[PDB]
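As a starting point, one isolated chain is supplied in structure tokens, in the form deposited in one PDB entry.
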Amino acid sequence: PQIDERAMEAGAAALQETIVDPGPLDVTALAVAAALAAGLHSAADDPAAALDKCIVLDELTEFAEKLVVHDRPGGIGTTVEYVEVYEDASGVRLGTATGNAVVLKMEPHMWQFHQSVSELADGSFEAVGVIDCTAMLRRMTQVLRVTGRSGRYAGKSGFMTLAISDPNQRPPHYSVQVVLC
């Protein structure tokens, strides 16, 4: 399968940015968010307690295995179809996510609506979000809504973080975290 050059070279694009402004969110923080949103946490509870109530997928990497862009003039409504693979820190494949995106806006920041279904050994979950692709190029983290569907994830919901993690790779790798409750 093929990967559009814009995805292959996205890491290189990041390296040309003059704004290099990381702002990660750790999984404990993401678990507090997930538990608060699920009404299963109180902000006089302790963060490690939120983490204990959650299903946690961290120290995950993802990158594109297939990415096709269907361009429209001016870029508005351009569509993307992708399959990405999840790997652990050691490079072991854990699963895939199959999704599509729609370009909402190009300038000054490119924004995309993303929706995907992730399939791992122990179940599946959906991710949906409105993400600032220019902010990601400038190293920022973006957050998507996660809804569990099958297996271990069923009936649970939470959040996912996405950020570029190694811009020297082609295609680049992204750091991914998922917390559900």
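So that there is no doubt, residue numbering starts at 1 and follows the sequence shown. The term rigid core refers to the most C-alpha atoms you can superpose between the two forms while keeping them within 1.5 Å.
What comes next is about the form deposited in another entry, which does not appear here.
No residue in 149, 41, 138, 114 other than 41 shows a CA shift of 2 angstroms or more between this form and the one not shown after fitting the rigid core. In that other deposited form, the CA atoms of residue 34 and residue 44 draw together by 3 angstroms or more relative to this form. CA of residue 89 to CA of residue 168: farther apart by 3 Å or more in that other deposited form than in the shown form.
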